[PDB]
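Before any comments, here is the structure.
Proteins get letters first, then strands, A, B, ... in listed order; numbering begins at 1 in each. Remember, it's 1-based here, ligands and their atoms both numbered in the order they're listed.
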Protein chains: 4
Amino acid sequence: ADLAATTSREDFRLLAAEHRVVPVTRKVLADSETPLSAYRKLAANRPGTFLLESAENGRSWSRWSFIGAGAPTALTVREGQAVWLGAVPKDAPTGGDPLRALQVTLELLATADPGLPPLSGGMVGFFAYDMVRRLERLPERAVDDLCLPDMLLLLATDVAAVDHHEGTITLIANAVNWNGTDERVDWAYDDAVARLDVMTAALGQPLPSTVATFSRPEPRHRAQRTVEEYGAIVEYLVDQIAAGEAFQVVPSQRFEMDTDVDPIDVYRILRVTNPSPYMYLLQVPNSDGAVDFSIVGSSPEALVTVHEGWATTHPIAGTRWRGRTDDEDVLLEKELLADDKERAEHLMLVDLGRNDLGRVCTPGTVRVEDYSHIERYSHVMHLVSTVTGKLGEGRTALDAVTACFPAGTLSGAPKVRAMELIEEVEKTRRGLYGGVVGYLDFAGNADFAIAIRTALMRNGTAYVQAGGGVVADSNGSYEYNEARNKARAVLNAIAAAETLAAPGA
Amino acid sequence: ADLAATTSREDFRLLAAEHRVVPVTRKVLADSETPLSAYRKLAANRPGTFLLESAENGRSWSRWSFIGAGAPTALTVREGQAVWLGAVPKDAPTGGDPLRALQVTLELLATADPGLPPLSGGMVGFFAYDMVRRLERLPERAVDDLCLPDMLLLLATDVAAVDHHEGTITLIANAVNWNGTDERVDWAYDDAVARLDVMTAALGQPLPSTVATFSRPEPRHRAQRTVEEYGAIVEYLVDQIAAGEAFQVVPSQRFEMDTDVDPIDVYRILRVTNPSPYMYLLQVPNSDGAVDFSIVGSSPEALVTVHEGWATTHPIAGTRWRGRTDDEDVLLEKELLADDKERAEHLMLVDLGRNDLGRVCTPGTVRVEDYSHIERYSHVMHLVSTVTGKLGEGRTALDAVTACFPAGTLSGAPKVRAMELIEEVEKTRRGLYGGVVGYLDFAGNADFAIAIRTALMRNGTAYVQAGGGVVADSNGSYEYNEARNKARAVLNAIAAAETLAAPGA
Amino acid sequence: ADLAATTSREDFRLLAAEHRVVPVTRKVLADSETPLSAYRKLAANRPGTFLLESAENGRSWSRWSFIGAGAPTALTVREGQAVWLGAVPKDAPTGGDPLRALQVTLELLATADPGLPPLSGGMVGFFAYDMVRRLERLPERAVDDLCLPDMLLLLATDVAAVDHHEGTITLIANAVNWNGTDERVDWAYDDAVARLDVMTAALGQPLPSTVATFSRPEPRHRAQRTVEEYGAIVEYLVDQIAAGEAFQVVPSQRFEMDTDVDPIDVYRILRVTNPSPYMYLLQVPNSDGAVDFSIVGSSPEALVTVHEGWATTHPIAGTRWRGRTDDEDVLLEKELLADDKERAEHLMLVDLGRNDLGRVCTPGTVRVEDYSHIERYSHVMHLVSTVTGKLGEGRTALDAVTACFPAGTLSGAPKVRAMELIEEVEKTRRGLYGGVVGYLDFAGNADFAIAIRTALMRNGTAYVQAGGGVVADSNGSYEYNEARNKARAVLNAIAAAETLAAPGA
Amino acid sequence: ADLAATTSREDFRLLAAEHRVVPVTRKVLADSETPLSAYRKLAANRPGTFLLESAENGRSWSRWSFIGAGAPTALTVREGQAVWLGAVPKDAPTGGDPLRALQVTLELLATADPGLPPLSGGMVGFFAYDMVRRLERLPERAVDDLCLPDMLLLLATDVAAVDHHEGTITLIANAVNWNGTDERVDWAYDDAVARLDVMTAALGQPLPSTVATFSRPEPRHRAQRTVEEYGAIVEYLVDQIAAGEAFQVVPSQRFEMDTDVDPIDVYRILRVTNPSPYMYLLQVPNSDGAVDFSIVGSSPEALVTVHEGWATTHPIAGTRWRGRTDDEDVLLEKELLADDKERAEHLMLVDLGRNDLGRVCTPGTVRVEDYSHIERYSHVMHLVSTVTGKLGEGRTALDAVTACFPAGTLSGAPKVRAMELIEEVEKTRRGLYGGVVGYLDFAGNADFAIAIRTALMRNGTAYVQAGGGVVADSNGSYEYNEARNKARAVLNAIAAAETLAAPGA
Ligand SMILES: C/C=C(\Oc1cccc(C(=O)O)c1O)C(=O)O
């Protein structure tokens with residue numbers, strides 16, 4: 001038996017009888033490729049491509065990265081209605097409510113549940129924060145500057161799963177049989193095999209070096225708010241909270257830079273400087289099939305993850321700077337744990353998570369574990385917990401996402417009142433900020449990162465929005481600066497990425 | 001400040017005043033390189049090059065890999081005397097006892113102790129098992145078939161340390177000032193900078209793909225012993241042990257294949273099939289400076305590791321197959337822990353380690369920890385402990401190595417009597433088998449793997465030797481088969497490596 | 001300084017200025033007394049006396065036991081109104097709502113918060129299950145056979161705290177200054193000192209032996225329900241639950257024996273046979289000041305405990321028999337943990353506890369810890385968790401008790417619907433069964449046990465009521481038998497206690 | 001079946017056929033007795049009686065205490081020869097080496113190995129430190145002031161085991177059949193039953209109160225050494241150690257008080273003030289059968305414990321005062337753990353224990369566990385480890401004791417050189433100091449405490465000897481004071497015990 005043995009026609013036939021999506025796979029040895037080099041080869045920065053990587057706690061890359069090698073097709077929204085970009089067949093849900101359209105698409109395109117990597121195919125993309133407008137009634141005071149759709153999800157059928165442990169890549173070409181009929185079976189197989197052959201040959205190409213140097217210039221950028229305007233918004237919210245309007249609210253503002261630097265170069269600097277449990281680079285296509293814009297992020301927190309029937313969330317709140325150093329690091333931990341206020345803030349969000357999940361999980365299954373423990377990241381440590389529940393009968397991964405959306409850590413507690421306050425105090429619509437980036441795979445799983453520490457790159461401009469939680473005793477300047485600094489991590493990376501050069505050049 | 005900023009001449013001068021070795025370094029971003037691809041670029045399978053990688057427990061690659069980019073020069077042994085291959089200056093110790101020669105070389109070439117990767121430069125290579133002949137009196141019954149020198153250590157001055165976490169490579173060109181005088185300082189700097197520039201440009205080159213497929217054919221190979229001859233040697237040793245000659249002894253035999261496959265290709269298959277905490281590929285040069293032979297291994301166990309004054313060992317003994325699966329896996333662990341015999345065998349080796357270290361560590365510092373706990377590897381689990389001691393005043397990393405040499409896990413308990421028995425029952429001299437591969441870095445640290453699960457590749461022939469511990473109740477056939485199977489892991493990898501082809505070719 | 005130094009008049013004066021209750025204490029060495037022997041000496045089975053002991057997990061007695069040495073006075077209820085038995089002064093709250101009467105009594109008689117044992121004085125007694133009728137509207141179908149008051153709490157001012165670790169007894173005579181005025185200070189001191197002197201001299205007396213033997217005869221007793229009647233009640237409740245009326249409900253029935261055996265003798269057999277974290281013996285006085293009845297119990301579970309501002313509960317649900325033995329014991333634990341149904345039942349009660357406490361604790365302080373872990377008791381093991389919260393501003397220990405009352409483990413989930421169902425299916429009012437026995441100390445703390453595994457002993461009759469949780473898949477006979485057996489533990493103890501004799505007599 | 005059911009004649013007969021010692025037992029309920037009260041009743045301070053109690057870490061009394069109710073007979077030493085006090089039959093080993101005499105006695109009187117408490121019968125008493133003179137050659141410079149025998153062990157055949165958990169006492173009358181013949185079986189039974197009946201009736205008696213008060217006067221006492229003499233001995237030993245004569249040595253001196261206070265009263269004050277894992281009170285008889293002297297102690301450390309074939313030791317070294325308080329307590333622990341010197345001292349003693357046990361345990365069974373962890377006692381914390389080994393084939397509990405004797409913690413490392421130094425610097429023979437008190441039970445187990453924090457009380461005088469470990473950097477005054485203070489704990493207790501009075505008397 002050969003390593004790169006492709007799925008047999010015989011086996012594909014059997015699978016095609018059972019489900020409307022059949023992955024056809026081929027594993028190769030790729031010990032001289034990294035996720036990035038493989039992306040370069042397989043995707044080449046093309047519209048509808050992506051790379052997803054993961055460094056738990058910003059320390060140690062996990063086993064898998066996933067590359068999208070060209071999705072001709074994406075489900076999105078235009079003038080409040082669900083529409084596909086690129087061509088799909090007659091049976092693909094279109095028009096109307098986009099969430100319902102997405103719900104039916106996922107009901108139709110489920111697969112078996114084998115051996116496959118965690119993500120081998122599915123709907124991959126984002127939900128804007130402003131998708132929440134369709135789940136909760138909110139005022140419409142802030143202006144929609146960026147004009148992004150509520151969602152856009154690639155139908156990602158050609159996927160390369162890079163296994164860092166084995167040094168292998170598993171190539172997947174999924175046959176999508178929308179109409180569910182017996183017809184075209186053998187055609188579907190050969191088509192899938194041909195897409196495998198394309199990815200394979202792309203992997204067969206040589207590559208020039210990107211071995212490089214860069215410096216870290218301070219970026220020049222535009223802010224929506226001065227220290228004064230921001231500090232006063234914070235004081236307003238501190239007043240609301242003291243009165244009992246909410247326990248906590250997460251205001252933000254937008255910053256911007258003009259730049260023509262490739263998105264991947266920004267990804268490269270983020271990966272080196274702020275590795276995180278959710279790294280992503282996504283080229284979002286337009287109706288014409290060129291790149292409308294690019295999303296580059298390194299996010300520290302998932303909204304939700306769904307796996308084998310269970311939805312899980314990881315509320316994160318409470319911060320100290322990592323120690324400079326080792327004795328100081330432990331003082332700081334004992335201090336965060338002893339900070340009763342922050343303990344309380346964290347617990348509020350843990351309860352909010354319990355409730356969110358309560359909406360779609362079977363009663364008596366929603367539990368908290370590893371409650372309020374410490375996690376170290378590259379530059380800071382936090383309190384963290386796990387909330388996990390069994391998806392209720394007939395509930396879906398998408399129900400888990402909508403039930404949790406948006407993260408309490410990006411809105412507040414209680415959530416609606418906090419969103420309301422956010423809308424009162426913020427100049428523009430958030431767009432992707434506080435939304436999610438992630439996937440819904442055909443087997444029923446899902447993983448979404450909160451869209452923070454992220455740049456959206458459009459027509460010569462890069463937007464980076466950042467914020468931070470406000471509580472009873474928050475100080476306006478302190479919050480302004482903490483927020484700006486979060487943003488500068490990304491802005492700094494863009495400025496760095498612009499200096500990328502071959503060493504001694 | 002630029003990422004690839006090279007060490008300044010000004011700083012080098014100061015360092016040169018203080019020590020006879022001064023590393024000159026340059027860090028680059030190399031997010032599209034793997035250790036293997038970097039090796040290909042920097043070393044290109046040349047004589048005197050190496051790659052060292054590490055996967056703890058065969059699961060999760062550690063942060064660092066180290067590439068040797070061409071050592072013009074190596075300390076070894078010819079006709080019982082210490083000699084350099086390639087050219088060294090007048091002050092480099094030569095002739096006589098090779099251990100003393102190595103001892104003085106290390107005393108001379110120490111560095112400061114900064115920021116550097118774990119290995120940034122030093123003496124890198126092997127000690128044959130038969131080096132033990134110079135530390136203990138042994139009979140000379142077995143024939144020296146392979147004729148390897150007791151040691152050979154590259155003077156590895158051009159090193160690339162690959163950081164998987166940051167995606168960076170730190171290039172080091174060490175200036176070796178043997179004579180210790182003030183002269184040539186500025187020349188030394190420019191020379192080091194030029195070696196950096198060579199490695200840099202080598203990294204700047206493109207590379208063809210090695211994306212590949214392979215199959216796993218059963219190899220045809222030669223064995224020194226039949227099941228009958230081997231089973232009877234085991235029964236002999238079981239008799240000695242029952243009488244109280246020793247508690248345990250580790251006999252082995254040699255297997256061989258003819259093959260012309262590149263060594264790196266064998267490394268590639270080992271890396272995929274049997275990842276381990278010590279992977280190595282080493283091209284050992286001759287006096288002419290071509291490759292005399294190649295060592296390729298994936299070893300599960302260190303002899304000793306020395307770091308910031310402390311020597312540490314990790315005795316490993318007791319085995320079960322990993323579970324097939326998860327419930328079975330736990331039964332097996334409860335079983336190994338409950339196996340009083342194997343507990344005893346493990347404890348014997350732990351005590352042997354305590355004593356070995358007692359020879360060179362300050363009294364009242366040699367401790368055992370994490371005693372006799374379980375570790376899972378890809379295919380098996382073992383009992384494992386830690387023995388660690390403070391190196392006694394005026395003792396060196398090399399004293400730690402010789403004090404421990406050879407591993408009890410490859411000889412037995414008590415060690416000399418076991419070696420004696422090994423010599424009575426084995427046909428040929430072990431050569432590298434049961435020796436070590438590793439390094440002694442200029443800062444005083446050291447890390448050596450036991451040389452097992454290793455192929456030595458010379459003039460169209462690949463040698464793989466394997467064995468296993470014999471105790472009171474060992475069965476001859478069982479031990480024959482367990483030993484042969486250990487060997488076949490490597491032999492299988494050579495046969496696989498021969499099928500390596502571009503997919504669909 | 002003498003060990004038995006009594007509090008000084010000078011110090012009492014200062015304390016009397018600050019609070020309406022001033023404990024006057026004297027510590028003695030009592031290394032030849034047990035809690036029982038001390039009780040015999042100090043209380044002698046008199047009306048208004050009690051003994052409280054604690055064996056955590058039924059294994060290892062805790063440090064403290066507490067003896068009440070004659071409370072002349074108790075707050076209780078007659079014809080729905082709050083009344084004192086024995087004489088109290090004009091300022092002591094009487095008439096009306098008994099809970100309000102108890103609330104004001106505790107507000108009045110608070111102390112400082114020193115050095116004192118956990119309980120040094122306070123209101124000590126019970127709340128009937130049927131006290132719940134004043135916090136929730138319930139139907140009145142079942143007949144009130146036993147006619148107990150909703151509550152009765154001794155004003156326990158003479159207390160002996162027995163310290164098993166030191167072998168000492170700390171005697172406390174609390175001066176209760178209801179009117180709050182400066183008058184009678186020096187009189188109060190001498191009175192307290194005289195009560196100390198009485199307890200002291202009582203401790204000074206000799207004692208006859210109770211060294212003893214006993215056998216374990218099967219008791220003859222009366223049951224309210226046959227296996228058929230009980231099994232059918234269980235099936236009824238299983239039907240309600242399947243329909244979604246509740247998740248769980250805890251029906252019980254009453255058993256009875258005629259006996260004239262002293263209550264302490266029953267306590268003695270319980271202590272030997274079913275030691276528990278809450279042992280109690282209480283002699284409840286009547287208006288005439290003789291014993292109306294006696295309560296003897298060994299309870300496995302607290303309702304709530306309040307200490308230094310925090311209320312804590314320990315939901316317990318999920319059972320296996322302890323192992324017979326040690327390998328079997330671990331199988332059983334792995335099994336209980338793996339029992340998803342019982343996990344769910346336990347989680348329901350944990351959530352119910354979170355909510356109960358939510359009613360009186362500051363938001364963002366009610367947390368779960370040590371979630372759903374195993375505890376071993378003498379004969380069974382359970383799942384157990386901790387729910388703890390900060391009492392909200394201006395909330396009291398009594399608010400914690402009422403907020404939790406009655407235990408979900410004795411009612412069900414959700415609680416009211418379960419109580420409703422209990423009332424539909426049960427013949428008589430529960431009385432003390434499912435109520436609590438415990439104390440509210442003057443410093444603000446509280447500890448109450450659920451009143452189960454308890455005998456109420458009145459006019460030649462002993463009542464023991466027992467029950468068990470019903471869920472979706474409960475079997476009628478199994479529940480009948482499990483319930484009866486719980487009861488027989490107490491009934492067996494009464495029958496044993498009747499055989500108590502000096503050995504060979 | 002009755003609780004106090006005595007062993008049947010039928011069962012005794014069967015047992016008598018199998019072993020020369022047959023315990024005849026009767027369990028009673030004794031919930032109004034403490035170990036002390038039971039001792040008073042059963043032993044009444046008579047010669048040849050004892051009480052043994054245990055408080056692990058000086059916190060929480062363990063389950064069992066053991067009372068010896070009159071041993072008519074003891075194996076001891078007079079003019080270097082083994083002799084019995086009181087009458088024994090012809091077959092009882094006498095004359096000669098006392099250790100051999102004790103060895104054969106134990107070989108003869110073994111029992112089965114059931115249900116019994118940990119100690120139900122055996123040889124109970126002490127070994128003097130100076131017993132070591134028969135296992136190692138030592139100089140004879142110091143004068144033998146106290147003139148104690150090398151050993152004296154009661155043949156303790158009437159034992160009461162007090163179970164604090166159950167509140168029960170298990171009475172044991174062991175039938176000792178020295179001659180091993182069939183004769184007198186039925187006589188032996190009735191005799192044992194009569195001894196049970198005596199203990200039973202003694203338990204049946206009443207008792208007066210000992211409820212009491214006491215003060216803590218500073219005792220006036222005699223010391224062998226001034227601060228100057230002691231500080232200079234310490235400096236001498238510091239010099240020897242610096243030169244490498246030993247790593248550590250434990251000098252001591254003797255203190256004395258005249259007092260006529262009962263020994264039990266001293267025990268009572270020790271029990272309250274310095275509870276420990278080994279409490280003992282022993283009345284040592286003379287040849288006339290009156291009390292020769294009394295031993296009262298509270299020891300923190302076992303020499304060795306032997307149980308079901310395994311010998312175990314618990315080396316203790318490294319000290320801090322407990323924290324005053326809770327934050328300070330943790331600083332102190334982090335500090336002791338970080339004290340590399342004390343770590344080393346502790347490790348030396350751990351190794352010494354490994355070796356001691358190596359002399360009598362099967363190779364490959366002697367292990368260390370729970371290495372060098374912290375234990376809190378009432379006033380101090382220490383580092384502590386466990387060393388445990390399997391007794392070698394044909395080795396006995398007594399071999400374990402002699403192999404370990406005396407504790408390294410009371411001698412030093414290496415042990416002989418330390419003893420030698422002790423003998424050079426100490427005025428008198430140690431006697432019991434640094435010896436052991438404990439038992440060897442008939443089933444093969446053993447438990448011995450190091451004889452420290454102990455008073456020996458003879459003819460109106462109480463001796464208390466104390467010392468402490470000397471190392472490289474010890475200070476003379478500091479050690480003098482630490483030693484004196486250890487002694488004063490006992491001396492203070494004697495002075496306290498003299499004030500014992502009924503409260504207000
Ligand atoms: C590291 C632990 C083991 O591996 C070996 C022990 C001894 C010899 C060998 C060998 O490969 O020759 C080996 O793999 C083992 O099988 O116990």
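Judged by distance alone, the side chain of B:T76 and the main-chain N or O of B:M151 form a donor-acceptor pair under 3.5 Å. B:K486 contributes a side-chain N or O that, together with a main-chain N or O of B:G467, makes up a donor-acceptor pair within less than 3.5 Å.
The protein non-hydrogen atom at the shortest distance from atom 3 (C) of ligand 1 is B:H382 CE1, 4.2 Å. The nearest heavy-atom contact from the protein to atom 12 (O) of ligand 1 is B:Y433 OH, 2.5 Å. Atom 17 (O) of ligand 1 has its closest protein heavy atom at B:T319 OG1, 3.7 Å.
Under a 4.0 Å criterion applied to the non-hydrogen atoms of B:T409, ligand 1 contributes the atoms 7 (C).
B:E345 and B:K341 are not joined by a salt bridge, as no carboxylate oxygen comes within less than 4.0 angstrom of a charged side-chain nitrogen. Note on B:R322 versus B:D329: salt bridge recorded, some NZ/NE/NH1/NH2 to OD/OE distance being below 4.0 Å. Ion pairing between a basic and an acidic side chain is recognised when a charged N comes within 4.0 Å of a carboxylate O; B:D356 and B:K415 show such pairing. A salt bridge links B:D150 with B:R134: at least one charged nitrogen is closer than 4.0 Å to a carboxylate oxygen.
Of the heavy atoms in B:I450, none comes closer than 4.0 Å to ligand 1.
In terms of polar-atom proximity, B:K486 is counted as a contact of ligand 1, with an N or O under 3.5 Å from an N or O of the ligand.
Heavy-atom distances between B:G467 and ligand 1 reach below 4.0 Å in at least one pair.
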